[PDB]
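Asks:
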Amino acid sequence: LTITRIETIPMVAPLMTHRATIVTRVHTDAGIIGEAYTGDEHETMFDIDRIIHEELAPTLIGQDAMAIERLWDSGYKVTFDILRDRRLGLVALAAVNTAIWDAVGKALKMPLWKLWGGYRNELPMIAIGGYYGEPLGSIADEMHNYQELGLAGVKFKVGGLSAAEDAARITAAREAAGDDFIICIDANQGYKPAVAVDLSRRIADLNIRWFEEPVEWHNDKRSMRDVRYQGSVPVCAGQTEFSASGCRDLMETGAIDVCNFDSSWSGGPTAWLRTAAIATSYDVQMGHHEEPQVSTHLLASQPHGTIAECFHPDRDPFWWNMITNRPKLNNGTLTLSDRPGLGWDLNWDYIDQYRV
Amino acid sequence: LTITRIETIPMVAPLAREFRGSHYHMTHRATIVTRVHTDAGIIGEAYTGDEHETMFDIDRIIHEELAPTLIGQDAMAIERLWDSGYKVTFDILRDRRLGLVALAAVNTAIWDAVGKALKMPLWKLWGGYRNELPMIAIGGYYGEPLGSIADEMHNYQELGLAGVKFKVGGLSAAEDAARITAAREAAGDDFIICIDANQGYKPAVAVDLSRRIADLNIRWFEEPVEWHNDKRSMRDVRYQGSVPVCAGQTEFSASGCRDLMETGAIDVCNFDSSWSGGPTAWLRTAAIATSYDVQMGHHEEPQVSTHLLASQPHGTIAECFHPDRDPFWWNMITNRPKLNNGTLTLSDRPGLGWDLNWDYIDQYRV
Amino acid sequence: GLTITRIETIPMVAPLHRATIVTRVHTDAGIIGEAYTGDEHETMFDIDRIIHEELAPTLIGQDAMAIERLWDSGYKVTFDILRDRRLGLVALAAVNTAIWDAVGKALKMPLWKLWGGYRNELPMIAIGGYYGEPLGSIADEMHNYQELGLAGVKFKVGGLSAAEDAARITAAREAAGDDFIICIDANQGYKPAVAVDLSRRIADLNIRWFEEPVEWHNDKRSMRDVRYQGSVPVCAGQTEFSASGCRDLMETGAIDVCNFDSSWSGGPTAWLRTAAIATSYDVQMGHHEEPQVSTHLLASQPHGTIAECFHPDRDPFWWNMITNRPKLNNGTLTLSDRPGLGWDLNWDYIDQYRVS
Amino acid sequence: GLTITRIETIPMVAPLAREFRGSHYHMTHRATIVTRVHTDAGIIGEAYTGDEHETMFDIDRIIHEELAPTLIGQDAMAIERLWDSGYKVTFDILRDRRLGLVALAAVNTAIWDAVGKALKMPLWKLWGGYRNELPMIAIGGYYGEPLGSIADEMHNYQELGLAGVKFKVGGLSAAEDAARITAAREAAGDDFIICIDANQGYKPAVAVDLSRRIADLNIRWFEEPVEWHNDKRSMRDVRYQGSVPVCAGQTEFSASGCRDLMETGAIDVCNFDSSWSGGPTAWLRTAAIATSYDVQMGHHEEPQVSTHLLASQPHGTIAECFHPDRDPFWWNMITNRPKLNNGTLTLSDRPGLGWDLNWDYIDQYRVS
Amino acid sequence: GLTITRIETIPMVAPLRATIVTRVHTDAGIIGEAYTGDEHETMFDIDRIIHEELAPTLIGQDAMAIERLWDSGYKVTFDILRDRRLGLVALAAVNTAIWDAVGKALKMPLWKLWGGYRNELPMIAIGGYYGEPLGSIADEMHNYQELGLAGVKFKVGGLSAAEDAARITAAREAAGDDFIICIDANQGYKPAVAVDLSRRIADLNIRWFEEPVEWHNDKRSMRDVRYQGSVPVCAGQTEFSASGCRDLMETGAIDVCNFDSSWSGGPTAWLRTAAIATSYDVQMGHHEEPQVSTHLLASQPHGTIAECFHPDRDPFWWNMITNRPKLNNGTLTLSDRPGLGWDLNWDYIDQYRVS
Ligand code: NA
Ligand code: NA
Ligand code: NA
Ligand code: NA
Ligand code: NA
Ligand code: NA
């Protein structure tokens, strides 16, 4: 399945004020086009685009798209550049690896959730929320609103206030949503460990699903381990790692119950699936930081996959508009069709309107 | 103390009841009585473990592989004989348990012989920390084959037992939590309750259960999680849960037990001597345990565990099956100490100090 | 049982000013357990005090056969935080060793056999190669050891550069010839890079082991590094306080041989725990000097190595305190079947040098 | 540079009122050594460090025979050079490692006082300058009640302006020491820091049992909960199976030993004692290591040096003293000791450690 | 106190390399100055962080309270949306200049304020670039010996073991024995190839092997190179924090840590790493930045060797500082001038400063 061309369409939409993404398309001599959109970059989008066209495309043009390990291995060298942020190469590699996978699922007439393991084809979906400042309303309104939308739960933002104050915020969300609602919390690396342990004990009776990135970045593995063992809530991390080796270090340290490694930031499905294999050997569950357009397939494929994540429409336009055949949530869950590849129909009006 | 003969008596108990499979099942239980004869008057003897399926391969290893390293040798040079015998574990082609069981069989009979020669009961020869300890029963089988939870618990109490190792691992956390609550409610507060999942849970479910039972004073939570990543996963049950964790019975060597302790997986190590190369191996584990502040248990085999555990400053509690799972403890030893209020007390009889029921043996051998 | 009736000690001092305490445990059966242990000059009377004021009470009227029981209560004297932990440990070793002699005698078993009975003969080497050549040139010293029928030498290094000490070690090997064990001992003298340098220089001299190559504070990890980066097996353990400390050495991968000293560390009961731990790590056992106890200890174990003594002028106890010392033959000592330690103490020498 | 001309030491011994039993140890005297490091610039670095009744003279000899010759004539400003040469006193395998380390700490602390004076800087600032105010608690709750009933002792600490207590345990069962701690909380009430200290007295299961029993009394930390031989791993277990933060380090000889505690996950707080372990130079290495592990720093007693050490560091916690009947030195040695107010003291801007030593007290208790 | 009154930066681009001169003004008359980093592409992003995020935490505060200021400054690294190096470089810039002010106020050279172990250490040059931009291997080596440098840090990581071994071998032949030779793979090899190379050069007295292996598993893989191979291993420059340096040491990855203060929050962070290193018997080095590393390394008992570039490769060390110490027998001796003690060449700064 020979690659003939790599096409990219940088996009910027509004509702900061804008979210950025890149649509990547891999054309083949069969008339099959692999397509995906990846990342939410922002200030670095065109540098990423450059890496895609100048560094990766030559490794790909004329090559067999079906030999994913061969191509991934040569494309990996874009991560070696010591004189720039390693994320740039990783996001660029993720973009092409994801679009290639979509082409390959298409050539094989297999949806990716099946090609990648086929464990199941439905999972729950939660919304990232509880933003400080009540942007999407009060805590209770936000929670009710997600329930209206038919989401299974929320990953609720903490990390900014005292343990006492954030516990009250979480108690409010649990109150509002009632018991039949998944509540995860996410500190975005905000707490000193003692404060995170304090918080974790205060919410021990609110059935919190996991506590994501509880502690400051520098000692995060060992300090989140201590949060996991002194506290009372399962711990989730991985999104901040660059590689499967980094996620392996989390697991080896005993830092985590759930790995939320982000394939869009970290070299794509090929990378993420290595992390998932590693997680099985540690009895660690897989999650995935946002990117529902690829995470739903990745997570469903796996026996140890958990929950997909998205934003409220007003905060992410891309999942809610750019995909014309997104399945309807039913009582919290999303079921994936048997459409080959990622199986998505992109709204090309929206793309034309917002490409830069 | 020269070894002259190695005699083994393969044995198969009557068709007893089997506690597995969702249904009524029956199976014969099997053991091997091993007797090490010596130039003095002394005969060391022990019996080791239910095997039934593999009993004759083990018997063959004993005679074709071990005996040649023993006959003519000095039984009192235990390390020399164990080291020479250890080679039976090397065979990559067969289950390693075959070799380790054969080695334990002989190593234990040899210890019984050495103690007789020195006129020492083994609990004293092995260290002599004390001569009495609690004994609990294994029970709480799914399907209530030994009665309701309550009646089963009351029964063990009336038998003079200190407590129970109660089977879990087969239901949800909530469901198994309720079974353990019923056991504590029935037995009251002065009864040891351990629980045993037989590697049945995924770690989050074990943790859920462990927390649910935090106020029932559960003594320990034995093999809570699946086998493949058991050391790290049970460490997490230990740290995220509320109950001490116990394991070691599934390990093949003291190296394996060392691995569990270094991972931080366990509070109690229940390494089984009879299926891991015998008391010489178990005593090495016990030593390693002291360096980690880990306590020693012993999966069943009361006939040897009573002495092993009692000898050690960090020994905990001896275990025994129901007669149907183990007719050997109950019928084949005619001078078992009588349980007094949870406790078993050991005599000063040299060796393991046991009088075997030769009528029982003559009727079930071959 | 075997009831202990009284504890007698006989503090001693002999010039070379080496110190030792003879301990005698008297029993019902008229059996007396006796041993000498240690060379702690300055602290002897502190140790002596601990035995009579702290240990003896836990012992008089107890069954000496119940070794684990008595060791467990005796161990509490190591809990005193206001004094060198070694004081309690050496006092406990004194009593524990004597008791074991009592038990061996009571059961008519030599300790080498009662402790496992692996073999009854082992090589013995002399600790020497002192700087300043007090015992003569390196060549003279090596030949003298061979005249005494010793299997080899533990040769002092740790005080010069790698190039100078490698040359000294080269001299030892050339004088002695290949059929002679040469261990080397830095007494925690080198920086790790210097020890690695030395180890590589002597890789062809068949050096049996490299004992305590590096400075004390980080010795486990640094000697691990000498072990892996260098070319000679590494030995340590004598500076640990407990079988826990030896386990830490083994778990770090610091050592091929553990030379934990029973007389400094709670006695045979403690050393045998260390021995057991070593089997689980495929580590061999050695024993820093104290041949009057180490011979039985090492000989009883399948993984035992070599016993050690000093030149007669450096330390006189081994050569004068024991009237029935076996004859060295081809470098090896063979132990009799006499029960307990089986030693006839030289009461001329004891009566002459005892003190209050 | 600041050339060292002379090293002078003054050993002291003072009697204590009664005996003070912890768990498996007790005390009748308080000994210390005052070290003075003279310089060609007229500045005298001074400190007193340690309590070492039995071995005081052994330590004094090390100072003079082993250390002084590496210091006389050298530049007191070159701390790392001096410390690197003095460190050899720790190498002798034939003697207690602590002898050398206490000797080294003695001169290192006095040399730091001289350097602070030369630079016109208080050490709490020279060493990092994070803050100049911190809480002080008293080490107390001794068994036998030699300072009075539990309640009386707590109230008295509150009347001295102290922030809380480090309360001795480790000697009884979990249920019994739990009762004693419960009594301290009830007496002091909630606005009072209660640490507990088993001095390595419990088996891990007993420490965990106690930890869990006191989960609701807001206990700040649990110091050396377990027996010494396997302490790092066993206190890790107390830390994760129990309910209160764990603290240790005082029993380690070096920063390498503290690093081992932290790597094992043994501790939330490291209470490494500078005056037993080579002085502020060694301690500040440990503090640096602690930052990389998100471990906080404490300091076993020695308030005359630990106030500056702890206050300098972002992750410094609580300074420690004893009741005056238990230790007269903090309370008599220093004429300008800052006042305890509402649990805290505030250090001045006086250069060095900033202390005026009470020569009238010193002369009454010096020995030879 | 030494109250900070103004944070001034001067971004520069010189032909060509890039840097920022940071100047911390105080209410005394003292101006702390340093230049730090080469960051061409993001220089202005950093400059912005300095003024918009850091300056407000510093104006009117006591420069003498270094732990306090560093603590509140450290938050510029929390930003999850940008490269963590942006904040860490900004933090290093102000922290280095703050230290120079502090040294000046206390009248102490920093090599002495930071410990004073010694005031003299060897300097090597980073070189042996592929494509021979500075001449053949033999001519480059001789050049460095003419300049009076102690040795070279010689680039590898790009070829096969046999081929890079030949190059390294030419360097030792050309230079002779009395010349320090470190090699640097810049994370280039798979472990087996680094091991092969290390064994091949076992006889060439190679001082250390910097960043031998690919990035993703570098800690464990470089430990294996260290133990299977024959040459000491050095790494640290690619770590973001003393925690990451601690991780290298705990894994047994390194003999030498070359943490770069300029990239990692300044001397305060590097000196924490330095303390951690004592506890592991790890030695300290420092990736280039000799204008700060000479003082950092000289102050520590376990400090090793300072690094610069050939003049044609780096104009800053060679031009920015008018009282640069002369190499003498491979070594640089630092003066007693307070702070970093450097006189900056303002003609050069005026020439190449940019906006
Ligand atoms: Na997150
Ligand atoms: Na916990
Ligand atoms: Na079991
Ligand atoms: Na030695
Ligand atoms: Na304490
Ligand atoms: Na480099």
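Chains as they are written, first to last, in the entry's author numbering: chain A, 20 to 34, 45 to 385; chain D, 20 to 385; chain C, 19 to 34, 47 to 386; chain F, 19 to 386; chain E, 19 to 34, 48 to 386. Backbone N, C-alpha and C fix where the C-beta goes; we use that ideal spot for every residue, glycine too.
1) Let's test the definition: count the other Cβ atoms within 10 Å of the Cβ of F/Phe-340 and tell me whether it reaches 16, buried, or not, exposed.
2) E/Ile-232: which of E/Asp-374, E/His-247, E/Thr-200 and E/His-173 sits nearest, CA to CA?
3) Does the Cβ of residue 42 of chain A have 16 or more other Cβ atoms within 10 Å, making it buried, or fewer, making it exposed?
4) Between the stretch 111-118 of chain E and the stretch 145-160 of chain E, can you find at least three pairs of beta-carbon atoms closer than 8 Å?
5) Which residue spans inside the stretch 261-295 of chain C form an unbroken beta strand (DSSP E) run of at least 3?
6) Could you check where the beta strand (DSSP E) with A/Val-313 kicks off and where it finishes?
7) Are the Cβ atoms of F/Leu-178 and F/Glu-171 separated by less than 8 Å?
8) Starting from the N-terminal end, write out each residue whose C-beta falls within a distance shorter than 5 Å of any non-hydrogen atom of ligand 3.
9) Quick one: grab the DSSP three-state call for E/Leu-141.
10) In terms of residue numbering, what span does the alpha helix (DSSP H) encompassing F/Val-224 cover?
11) Taking a Cβ distance cut-off of 7 Å, strictly less, list which residues of the stretch 290-312 of chain F are near chain A, in chain order.
12) Mind listing the chain C neighbours of E/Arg-257? Cutoff is C-beta to C-beta under 9 Å, in chain order.
13) Where F/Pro-153 and E/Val-55 are concerned, what is the direct C-alpha to C-alpha distance, given to the nearest angstrom?
14) Nearest by alpha-carbon distance to F/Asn-360: which of F/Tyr-175, F/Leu-141, F/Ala-216 and F/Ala-223 is it?
15) Would A/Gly-283 pass as an interface residue toward chain D - the criterion being a Cβ-Cβ separation below 8 Å?
16) I want to verify the contact list: residues of chain E whose CB lies under 9 Å from the CB of C/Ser-252, in sequence order.
17) Apart from the five residues just before and just after A/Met-95, which ones in its own chain have a Cβ nearer than 8 Å to its Cβ?
18) Leaving out five residues before and five after C/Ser-229 in sequence, what residues of the same chain have Cβ atoms less than 7 Å from its Cβ?
19) DSSP beta-bridge partners for residue 42 of chain E?
20) Helix or strand or just coil, what does DSSP make of C/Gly-182?
21) Ordered along the chain, which non-local residues of its own chain (more than five positions away) have a Cβ less than 6 Å from that of D/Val-52?
22) Note down, in chain order, each residue of its chain lying with its Cβ closer than 6 Å to the Cβ of E/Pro-222, except the 5 sequence neighbours on either side.
23) At a CB distance below 7 Å, what residues from the stretch 68-100 of chain C approach chain F? Give them in sequence order.
24) Touch check for the stretch 299-310 of chain F and the stretch 268-282 of chain F: three-plus C-beta pairs under 8 Å?
25) Give a single yes or no on whether A/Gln-322 has its beta carbon closer than 7 Å to a heavy atom of ligand 2.
26) Anything in chain C within Cβ reach of F/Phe-109, meaning under 9 Å, just list it in chain order.
27) Can you determine whether any heavy atom of ligand 2 sits closer than 7 Å to the C-beta of A/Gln-331, and answer yes or no?
28) Any beta carbon from chain F within less than 8 Å of residue 41 of chain C's own beta carbon?
29) Can you list, in chain order, the residues of its chain with a C-beta nearer than 8 Å to that of C/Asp-374? Leave out the 5 residues immediately preceding and following it.
30) State yes or no: is the C-beta of D/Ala-121 within less than 8 Å of the C-beta of D/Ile-77?
31) Give a single yes or no on whether A/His-318 has its beta carbon closer than 7 Å to a heavy atom of ligand 1.
32) Under the criterion of a Cβ to heavy atom distance below 7 Å, does C/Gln-314 qualify as lining ligand 4?
33) What's the call for D/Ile-111, buried or exposed, on a 16-neighbour Cβ count within 10 Å?
Replies: So, from the listed chains and residues:
1) Counted from its first residue, the fourth sequence places residue 340 of chain F at position 322. Burial call: buried.
2) Locating residue 232 of chain E in the fifth sequence gives position 201, counting from the first residue. Per the Cα distances, E/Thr-200.
3) Coordinates for residue 42 of chain A are absent, as chain A skips straight from 34 to 45.
4) no
5) Assignment of beta strand (DSSP E) within the stretch 261-295 of chain C, counting only whole runs of 3 or more residues, yields 264-266 in chain order.
6) Mapped onto the first sequence, residue 313 of chain A falls at position 284. Neither: A/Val-313 is in no beta strand (DSSP E) and is coded neither H nor E.
7) Here residue 178 of chain F is taken as the residue at index 160 of the fourth sequence, counted from 1. Here residue 171 of chain F is taken as the residue at index 153 of the fourth sequence, counted from 1. No, the pair does not count as a contact, with Cβ atoms beyond the cut-off.
8) Output, sorted by chain position: D/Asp-215 and D/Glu-241.
9) Reading the fifth sequence from its first residue, position 110 is the one you call residue 141 of chain E. Helix.
10) Translated into positions along the fourth sequence, residue 224 of chain F becomes position 206. Here the alpha helix (DSSP H) through F/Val-224 covers 222-231.
11) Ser-310, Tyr-311 and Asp-312
12) Stepping through the fifth sequence from its first residue, residue 257 of chain E is reached at position 226. The answer, in chain order, is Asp-255, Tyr-258 and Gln-259.
13) For this step, residue 153 of chain F is matched to residue 135 along the fourth sequence. For this step, residue 55 of chain E is matched to residue 24 along the fifth sequence. About 34 Å.
14) Working through the fourth sequence from its first residue, we reach residue 360 of chain F at position 342. Of the candidates F/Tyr-175, F/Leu-141, F/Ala-216 and F/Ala-223, the one whose C-alpha sits nearest the C-alpha of F/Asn-360 is F/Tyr-175.
15) Position 254 of the first sequence, counting from 1, holds the residue named residue 283 of chain A. A/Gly-283 counts as touching chain D.
16) In the third sequence, the residue the question calls residue 252 of chain C occupies position 222. Listed along chain E are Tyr-311 and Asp-312, each with a C-beta nearer than 9 Å to that of C/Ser-252.
17) Here residue 95 of chain A is taken as the residue at index 66 of the first sequence, counted from 1. Closer than 8 Å at the Cβ level, and outside the excluded window around A/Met-95, lie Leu-20, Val-133 and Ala-136.
18) Translated into positions along the third sequence, residue 229 of chain C becomes position 199. Around C/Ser-229: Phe-240, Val-256, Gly-260, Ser-261 and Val-262.
19) Between 34 and 48, chain E has no modelled residues, which means residue 42 of chain E does not appear in the coordinates.
20) The sequence position of residue 182 of chain C within the third sequence is 152, counting from 1. Correct three-state label for C/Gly-182: strand.
21) As a working mapping, residue 52 of chain D is identified with position 33 in the second sequence. Cβ within range, chain order: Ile-28 and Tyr-66.
22) Taking the first residue of the fifth sequence as 1, we reach residue 222 of chain E at position 191. Excluding residues within five positions, the ones whose Cβ falls inside 6 Å are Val-244, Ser-252, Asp-255 and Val-256.
23) none
24) yes
25) Numbered from its first residue, the first sequence carries residue 322 of chain A at position 293. The answer is no for A/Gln-322.
26) Against the fourth sequence, residue 109 of chain F aligns to sequence position 91. For F/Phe-109, the C-beta contacts it makes with chain C under 9 Å involve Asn-217, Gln-218, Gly-219, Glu-245 and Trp-246, in order along the chain.
27) Here residue 331 of chain A refers to the residue found at position 302 when the first sequence is read from its first residue. The answer is no for A/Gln-331.
28) The model contains no atoms for residue 41 of chain C, which sits in the stretch where chain C goes from 34 to 47 directly.
29) As a first step, residue 374 of chain C is located in the third sequence; it is residue number 344 there, counting from the start. Answer for C/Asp-374: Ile-352, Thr-353 and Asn-354, listed in chain order.
30) In the second sequence, counting from the first residue as 1, residue 121 of chain D sits at position 102. In the second sequence, counting from the first residue as 1, residue 77 of chain D sits at position 58. Result yes, Cβ atoms of D/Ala-121 and D/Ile-77 sit closer than 8 Å.
31) As a first step, residue 318 of chain A is located in the first sequence; it is residue number 289 there, counting from the start. Yes, the Cβ of A/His-318 comes within 7 Å of a heavy atom of ligand 1.
32) For this step, residue 314 of chain C is matched to residue 284 along the third sequence. No - ligand 4 has no heavy atom lying nearer than 7 Å to the Cβ of C/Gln-314.
33) In the second sequence, counting from the first residue as 1, residue 111 of chain D sits at position 92. By the Cβ neighbour-count rule, D/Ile-111 is exposed, with fewer than 16 other Cβ atoms within 10 Å of its own.
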